[PDB]
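J.: Have a look at this one before I ask anything.
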Amino acid sequence: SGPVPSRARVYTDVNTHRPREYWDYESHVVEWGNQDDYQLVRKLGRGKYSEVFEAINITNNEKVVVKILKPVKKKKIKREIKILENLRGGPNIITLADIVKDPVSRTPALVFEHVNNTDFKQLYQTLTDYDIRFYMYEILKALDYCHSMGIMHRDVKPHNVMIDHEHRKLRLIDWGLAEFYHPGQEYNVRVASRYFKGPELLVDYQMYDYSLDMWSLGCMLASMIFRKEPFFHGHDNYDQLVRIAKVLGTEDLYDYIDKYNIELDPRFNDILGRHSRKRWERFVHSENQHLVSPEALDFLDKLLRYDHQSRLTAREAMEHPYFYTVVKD
Ligand SMILES: Nc1nnc(-c2ccc(C(=O)O)cc2)s1
């Protein structure tokens, strides 16, 4: 008595009908640029997987970002490179400008375009209703494109969305966890940041798809219109799903479990408890009302759903009324 298999309802076989070389990244033969064309300048980020630096291309005085890949299996590096290459030129997709064998760990190093980024903890406090609609629309173009190209980002979150506010410029970065969708494949549920993780990942349902990114996006939309970052703030993976059940309610949650016949950890039993589904208006107050609207609540409602097969796709989302001031302009 195991889980019921699932399939993306859209773009289900895009990779199945593309030449093997498109998704068989392990056979990809990298063509290298010259590492002497770049001068690192300042370190910006240090995470468990990379060292990111603001840098300068000395053949044109253009700023760029260099991500040196700490040693970590040639498969992971090839996956990201192949994906970045497949998506290059996509709408709002960060541009991979060069790839070089970096002597700083003989490791490779990816050279990305620079985005004069206003940091997410300070910007969100200053955005307007129209600004959020606009940027949500831009993020959607990137996801529908990447999904339409058989690729799940799997790490959608505010750090992974660069915004050069003064130029109304948006870029979706860090495709390090991104993967190719092949119908019926069981993936690694340990992706995405805790606060943006979808129900499927939290109950250990592996045959997920593109709709994972839609949940992450819904969590971002919620944080922005209500001005609460992160919106579902759990202590750990178990508590995270509890944070979601307190808002969406346990009823629907158990209806999801039943439909896919997912055996829940017996430790989830006592801590999920029993909660009623709350109204989005309960989170509306005087510091966030000007960013909230029926369209918004309705659009958010259609993103944050337990069943991944019921969430709106990126294309459907762009058709939402929430975006006409935007799509009209
Ligand atoms: N200021 C910045 N401009 N681009 C940045 C950037 C782009 C991509 C990645 C990645 O890991 O893919 C990391 C940082 S950071």
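To be explicit about the labels: the chains of the structure tokens are called A, B, and onward in the order shown, and within each one the residues are counted from 1, while ligands get numbers from 1 in the order they are shown.
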Give the residue list for ligand 1 at 8 Å, counting only C-alpha atoms and all ligand atoms, as a ChimeraX atom specification, sorted by chain and then by residue number.
T.: /A:44,50,52,54,64-67,94-96,112-117,160,162,171-176
J.: Could those residues be written to a file, using N, CA, C and O atoms, as a short mmCIF file (atom, residue, chain, number, x, y, z; two decimals), in the first residue's frame?
T.:
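File part31.cif, as written:
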```
data_model
loop_
_atom_site.label_atom_id
_atom_site.label_comp_id
_atom_site.auth_asym_id
_atom_site.auth_seq_id
_atom_site.Cartn_x
_atom_site.Cartn_y
_atom_site.Cartn_z
N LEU A 44 30.59 38.42 -1.49
CA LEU A 44 29.24 38.83 -1.14
C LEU A 44 28.50 37.75 -0.35
O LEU A 44 27.87 38.04 0.67
N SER A 50 28.80 27.40 -2.10
CA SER A 50 29.64 28.26 -2.93
C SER A 50 30.21 29.50 -2.23
O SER A 50 29.94 29.77 -1.06
N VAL A 52 30.59 33.36 -3.48
CA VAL A 52 30.17 34.29 -4.51
C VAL A 52 30.88 35.62 -4.37
O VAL A 52 30.95 36.18 -3.28
N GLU A 54 31.76 39.69 -6.21
CA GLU A 54 31.42 40.72 -7.18
C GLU A 54 32.78 40.72 -7.87
O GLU A 54 33.81 40.56 -7.20
N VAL A 64 30.60 41.91 -12.93
CA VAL A 64 30.00 40.59 -13.08
C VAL A 64 30.04 39.94 -11.70
O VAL A 64 30.61 40.50 -10.75
N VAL A 65 29.43 38.76 -11.58
CA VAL A 65 29.40 38.02 -10.33
C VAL A 65 30.03 36.67 -10.62
O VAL A 65 29.68 36.01 -11.59
N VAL A 66 30.97 36.26 -9.77
CA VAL A 66 31.64 35.00 -9.95
C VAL A 66 31.29 34.04 -8.82
O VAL A 66 31.45 34.34 -7.64
N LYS A 67 30.81 32.87 -9.22
CA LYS A 67 30.43 31.84 -8.27
C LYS A 67 31.41 30.70 -8.47
O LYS A 67 31.39 30.02 -9.51
N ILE A 94 18.55 34.81 -14.95
CA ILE A 94 19.90 35.34 -14.79
C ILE A 94 20.75 34.82 -15.94
O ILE A 94 20.68 33.63 -16.28
N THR A 95 21.54 35.69 -16.55
CA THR A 95 22.38 35.28 -17.67
C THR A 95 23.75 34.73 -17.27
O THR A 95 24.51 35.37 -16.53
N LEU A 96 24.06 33.52 -17.74
CA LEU A 96 25.35 32.89 -17.45
C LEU A 96 26.21 33.48 -18.57
O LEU A 96 26.03 33.13 -19.75
N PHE A 112 28.39 35.27 -13.94
CA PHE A 112 27.03 35.77 -14.17
C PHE A 112 27.00 37.27 -14.36
O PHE A 112 27.94 37.97 -14.01
N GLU A 113 25.88 37.76 -14.89
CA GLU A 113 25.72 39.19 -15.11
C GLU A 113 25.54 39.79 -13.72
O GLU A 113 25.11 39.09 -12.79
N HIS A 114 25.87 41.06 -13.55
CA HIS A 114 25.73 41.74 -12.27
C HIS A 114 24.38 42.42 -12.23
O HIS A 114 23.92 42.96 -13.24
N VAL A 115 23.73 42.37 -11.08
CA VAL A 115 22.43 42.99 -10.92
C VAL A 115 22.56 43.93 -9.73
O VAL A 115 22.78 43.48 -8.61
N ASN A 116 22.45 45.23 -9.97
CA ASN A 116 22.56 46.24 -8.92
C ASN A 116 21.36 46.09 -7.98
O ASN A 116 20.45 46.91 -7.96
N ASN A 117 21.44 45.02 -7.21
CA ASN A 117 20.46 44.58 -6.22
C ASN A 117 20.14 45.33 -4.93
O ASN A 117 21.01 45.54 -4.10
N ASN A 160 16.73 34.28 -3.88
CA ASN A 160 16.93 33.86 -5.25
C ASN A 160 16.23 34.68 -6.33
O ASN A 160 16.11 34.24 -7.48
N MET A 162 16.74 38.46 -7.67
CA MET A 162 17.46 39.72 -7.63
C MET A 162 16.62 40.86 -8.19
O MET A 162 15.97 40.69 -9.22
N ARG A 171 15.74 39.39 -11.79
CA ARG A 171 16.45 38.21 -12.24
C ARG A 171 16.26 37.09 -11.23
O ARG A 171 16.29 37.31 -10.01
N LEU A 172 16.01 35.89 -11.74
CA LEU A 172 15.81 34.71 -10.91
C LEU A 172 17.15 33.98 -11.01
O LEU A 172 17.57 33.54 -12.08
N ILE A 173 17.82 33.89 -9.86
CA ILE A 173 19.12 33.25 -9.76
C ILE A 173 19.20 31.93 -9.00
O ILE A 173 18.19 31.40 -8.50
N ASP A 174 20.44 31.46 -8.90
CA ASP A 174 20.81 30.22 -8.23
C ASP A 174 19.95 29.06 -8.67
O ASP A 174 18.93 28.73 -8.05
N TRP A 175 20.40 28.44 -9.74
CA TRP A 175 19.74 27.30 -10.33
C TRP A 175 20.45 26.03 -9.87
O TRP A 175 20.35 24.97 -10.49
N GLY A 176 21.15 26.16 -8.75
CA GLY A 176 21.91 25.05 -8.21
C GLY A 176 21.09 23.84 -7.80
O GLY A 176 21.61 22.73 -7.80
#
```
J.: Determine, counting only C-alpha atoms, which protein, DNA and RNA residues have an atom within 9 Å of an atom of stretch 317-327 of chain A; residues of the same chain fewer than 3 positions away are not included. Present the result as a ChimeraX atom specification.
T.: /A:130,133-134,136-137,140-141,293-296,298-299,302-303,312-314
J.: Considering only C-alpha atoms, state which residue in the set A:282, A:78, A:180, A:129 is at the smallest distance from residue A:110.
T.: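 Answer, going by the shortest atom-to-atom distance: A:78.
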J.: I need the helix (DSSP H, G or I) residues of stretch 215-255 of chain A per DSSP on the backbone, written as a ChimeraX atom specification.
T.: /A:215-226,237-248,250-255
J.: Could those residues be written to a file, using C-alpha atoms, as a short mmCIF file (atom, residue, chain, number, x, y, z; two decimals), in the first residue's frame?
T.:
```
data_model
loop_
_atom_site.label_atom_id
_atom_site.label_comp_id
_atom_site.auth_asym_id
_atom_site.auth_seq_id
_atom_site.Cartn_x
_atom_site.Cartn_y
_atom_site.Cartn_z
CA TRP A 215 3.87 27.04 -3.74
CA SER A 216 7.15 28.79 -3.07
CA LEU A 217 5.86 31.74 -5.09
CA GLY A 218 2.63 31.80 -3.14
CA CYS A 219 4.63 32.02 0.08
CA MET A 220 6.48 35.02 -1.38
CA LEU A 221 3.28 36.69 -2.52
CA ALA A 222 1.87 36.27 0.99
CA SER A 223 4.96 37.75 2.64
CA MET A 224 4.84 40.76 0.34
CA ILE A 225 1.16 41.68 0.51
CA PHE A 226 0.92 41.05 4.28
CA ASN A 237 10.38 20.66 8.77
CA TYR A 238 7.65 19.18 11.02
CA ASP A 239 6.75 22.52 12.53
CA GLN A 240 6.76 24.10 9.09
CA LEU A 241 3.86 21.91 7.94
CA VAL A 242 2.16 22.75 11.24
CA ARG A 243 2.52 26.46 10.42
CA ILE A 244 0.70 25.75 7.14
CA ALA A 245 -2.08 23.62 8.70
CA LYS A 246 -2.90 26.38 11.19
CA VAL A 247 -3.67 28.65 8.27
CA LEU A 248 -5.07 26.29 5.62
CA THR A 250 -6.08 20.20 8.83
CA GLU A 251 -9.22 19.05 6.93
CA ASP A 252 -7.84 19.75 3.46
CA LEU A 253 -4.44 18.53 4.65
CA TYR A 254 -5.83 15.08 5.47
CA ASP A 255 -7.81 15.02 2.22
#
```
J.: My list of candidates is A:3, A:270, A:286, A:79. Which is closest to residue A:204 when distances are computed with only C-alpha atoms?
T.: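 The closest residue to residue A:204 is A:3.
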J.: So how far away is atom CA of residue A:214 from atom CA of residue A:261, in Å?
T.: 22.5 Å
J.: Would you mind telling me which residue in A:111, A:292, A:56, A:84 lies nearest to residue A:97 when using only C-alpha atoms?
T.: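 Among A:111, A:292, A:56, A:84, it is A:111 that comes nearest to residue A:97.
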J.: Run DSSP on the backbone and grab whatever in stretch 168-319 of chain A lands in strand (DSSP E or B); send it over as a PDB file with N, CA, C and O atoms, in the first residue's frame.
T.:
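Ended up saving to selection_31.pdb:
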```
ATOM      1  N   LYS A 169      14.271  46.122 -12.791  1.00  0.00           N
ATOM      2  CA  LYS A 169      14.954  44.911 -13.270  1.00  0.00           C
ATOM      3  C   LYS A 169      14.898  43.682 -12.344  1.00  0.00           C
ATOM      4  O   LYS A 169      15.310  43.747 -11.187  1.00  0.00           O
ATOM      5  N   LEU A 170      14.412  42.556 -12.861  1.00  0.00           N
ATOM      6  CA  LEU A 170      14.317  41.337 -12.057  1.00  0.00           C
ATOM      7  C   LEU A 170      15.032  40.113 -12.646  1.00  0.00           C
ATOM      8  O   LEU A 170      14.956  39.828 -13.844  1.00  0.00           O
ATOM      9  N   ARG A 171      15.739  39.392 -11.791  1.00  0.00           N
ATOM     10  CA  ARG A 171      16.446  38.210 -12.239  1.00  0.00           C
ATOM     11  C   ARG A 171      16.256  37.092 -11.227  1.00  0.00           C
ATOM     12  O   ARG A 171      16.293  37.314 -10.014  1.00  0.00           O
ATOM     13  N   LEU A 172      16.012  35.893 -11.743  1.00  0.00           N
ATOM     14  CA  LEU A 172      15.814  34.713 -10.914  1.00  0.00           C
ATOM     15  C   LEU A 172      17.153  33.983 -11.005  1.00  0.00           C
ATOM     16  O   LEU A 172      17.575  33.535 -12.078  1.00  0.00           O
ATOM     17  N   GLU A 179      16.238  21.061 -11.485  1.00  0.00           N
ATOM     18  CA  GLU A 179      16.295  19.753 -12.124  1.00  0.00           C
ATOM     19  C   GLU A 179      15.336  19.608 -13.313  1.00  0.00           C
ATOM     20  O   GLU A 179      14.363  20.365 -13.468  1.00  0.00           O
ATOM     21  N   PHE A 180      15.648  18.634 -14.160  1.00  0.00           N
ATOM     22  CA  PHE A 180      14.859  18.342 -15.344  1.00  0.00           C
ATOM     23  C   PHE A 180      13.666  17.464 -14.955  1.00  0.00           C
ATOM     24  O   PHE A 180      13.827  16.495 -14.211  1.00  0.00           O
TER      25      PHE A 180
END
```
J.: Which one of A:80, A:131, A:138, A:36 sits closest to residue A:55 if you count only C-alpha atoms?
T.: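 Using only C-alpha atoms, residue A:55 sits closest to A:36.
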J.: Mind checking which residues fall within 8 Å of stretch 24-33 of chain A, counting only C-alpha atoms, ignoring those fewer than 6 positions away in the same chain, and posting them as a PyMOL selection string?
T.: chain A and resi 75+78-79+82+98-101
J.: How would the residues just chosen look if you wrote them out with N, CA and C atoms as a PDB file, in the first residue's frame?
T.:
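Okay, part-v6.pdb is ready:
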```pdb
ATOM      1  N   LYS A  75      28.702  15.983 -11.395  1.00  0.00           N
ATOM      2  CA  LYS A  75      27.306  15.884 -11.830  1.00  0.00           C
ATOM      3  C   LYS A  75      26.488  17.142 -11.520  1.00  0.00           C
ATOM      4  N   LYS A  78      27.628  20.131 -13.710  1.00  0.00           N
ATOM      5  CA  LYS A  78      27.172  19.964 -15.083  1.00  0.00           C
ATOM      6  C   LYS A  78      25.677  20.193 -15.222  1.00  0.00           C
ATOM      7  N   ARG A  79      24.930  19.810 -14.193  1.00  0.00           N
ATOM      8  CA  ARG A  79      23.484  19.973 -14.198  1.00  0.00           C
ATOM      9  C   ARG A  79      23.133  21.454 -14.251  1.00  0.00           C
ATOM     10  N   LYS A  82      24.363  23.073 -17.659  1.00  0.00           N
ATOM     11  CA  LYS A  82      23.470  22.676 -18.745  1.00  0.00           C
ATOM     12  C   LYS A  82      22.123  23.390 -18.658  1.00  0.00           C
ATOM     13  N   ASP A  98      29.818  33.446 -18.691  1.00  0.00           N
ATOM     14  CA  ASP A  98      31.049  32.720 -18.991  1.00  0.00           C
ATOM     15  C   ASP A  98      31.231  31.575 -17.988  1.00  0.00           C
ATOM     16  N   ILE A  99      32.097  30.626 -18.332  1.00  0.00           N
ATOM     17  CA  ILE A  99      32.399  29.472 -17.483  1.00  0.00           C
ATOM     18  C   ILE A  99      33.914  29.322 -17.589  1.00  0.00           C
ATOM     19  N   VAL A 100      34.597  29.277 -16.448  1.00  0.00           N
ATOM     20  CA  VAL A 100      36.052  29.149 -16.434  1.00  0.00           C
ATOM     21  C   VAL A 100      36.584  28.206 -15.353  1.00  0.00           C
ATOM     22  N   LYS A 101      37.733  27.565 -15.606  1.00  0.00           N
ATOM     23  CA  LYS A 101      38.327  26.656 -14.615  1.00  0.00           C
ATOM     24  C   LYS A 101      39.098  27.599 -13.710  1.00  0.00           C
TER      25      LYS A 101
END
```
J.: Between A:144, A:227, A:182, A:306, which one has atoms that come closest to residue A:258, using only C-alpha atoms?
T.: A:306
J.: What does the distance from atom CA of residue A:178 to atom CA of residue A:154 come to in Å, to one decimal?
T.: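 So the answer is 5.5 Å.
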